[PDB]
Amino acid sequence: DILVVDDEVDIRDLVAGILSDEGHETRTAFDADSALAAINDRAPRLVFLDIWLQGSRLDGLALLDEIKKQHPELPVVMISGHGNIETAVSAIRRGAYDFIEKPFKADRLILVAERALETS
């Protein structure tokens with residue numbers, strides 16, 4: 001499976017839509033509790049995780065740490081905004097595979113998803 005964790009419904013729908021159109025089965029979550037429950041239900045192949053997760057008990061990086069602690073082999077790709085490159089590089093230092101910055105194109109998203117799925 002491939003889990004998309006983002007409180008921003010528009011970006012989450014766009015990401016899930018692009019990946020589903022490419023032939024991947026997608027699952028969505030909107031915070032730390034919904035994401036952790038979805039992974040414990042069935043471990044996904046890949047996770048796309050928003051760096052903020054506004055309204056969540058745990059923000060994107062605090063959730064990344066939790067996912068990495070519980071599932072070290074599970075690749076996590078961050079999704080960030082303009083001016084967040086230092087937070088995205090901090091996420092890579094903490095185990096994130098990569099990051100994608102908004103506004104992003106579909107081919108870029110599929111490429112990073114592809115690249116993350118090969119390292120196994």
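A short reminder: the numbers here are calculations on the coordinates, not readings from a lab. We place every Cβ from the backbone using ideal geometry, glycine too, and count neighbours over all the protein chains shown.
To the nearest 20 debye, what charge dipole does the chain have about its Cα centre, counting +1 at the Cβ of each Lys and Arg and -1 at the Cβ of each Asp and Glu?
340
GNM, the chain, Cα, under 10 Å: largest mean-square fluctuation among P75, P44, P103?
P103
Given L36, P75, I100, which one lies farthest toward the positive end of the charge dipole of the chain, if we put +1 on the Cβ of every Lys and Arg and -1 on the Cβ of every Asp and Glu?
Result: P75, furthest along the dipole toward the positive end.
Could you list which residues have their amide H under 5 Å from that of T28, counting only those 5 or more apart in sequence or on another chain, with H placed in the peptide plane?
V4
What Rg and what Dmax come out for the range 62-110 when only alpha-carbon atoms are used, in angstroms?
Expressed in Å, the Cα Rg and Dmax of the range 62-110 come to 11.2, 31.
With +1 on each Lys and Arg Cβ and -1 on each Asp and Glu Cβ, how big is the dipole of the range 44-107 about its Cα centre, in debye rounded to the nearest 20?
100
So what's the gap between the Cα centers of the range 104-120 and the range 4-37, to the nearest angstrom?
Taking the Cα centre of each part, the range 104-120 and the range 4-37 sit 15 Å apart.
Say each of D13 and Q70 gets a label point 7 Å from the Cα, pointing the same way as Cα to Cβ; how far apart are those two points in nm?
Using points 7 Å along Cα→Cβ, the separation is 2.8 nm.
Sequence-distant or interchain residues sharing an amide H contact under 5 Å with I100, placed H: which?
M78, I79, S80
Tell me, what HN-Hα J-couplings in whole Hz come from the Karplus equation 6.51 cos²θ - 1.76 cosθ + 1.60 at θ = phi - 60° for each residue of the range 17-34, using x for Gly and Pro?
Going residue by residue, I get x, 4, 5, 5, 5, 8, x, 9, 7, 9, 10, 10, 8, 10, 7, 4, 5, 5 Hz, with x marking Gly and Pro.
Compute a Gaussian network model of the chain, connecting alpha carbons closer than 10 Å, and tell me which residue from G95, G81, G23 fluctuates the most.
So, out of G95, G81, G23, the one fluctuating most is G23.
If you average the sequence gap of Cα pairs under 8 Å that are 6 or more apart and divide by the length of the chain, what percent do you get for the contact order?
23
Between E101 and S120, how many nm apart are label points set 7 Å from Cα along the C-beta direction?
Going by the 7 Å Cα→Cβ label model, 3.0 nm.
So what's the Cα pair-distance distribution over the chain, bin width 5 Å, in %?
Histogramming the chain at 5 Å steps yields 2, 12, 26, 28, 22, 9, 1 percent.
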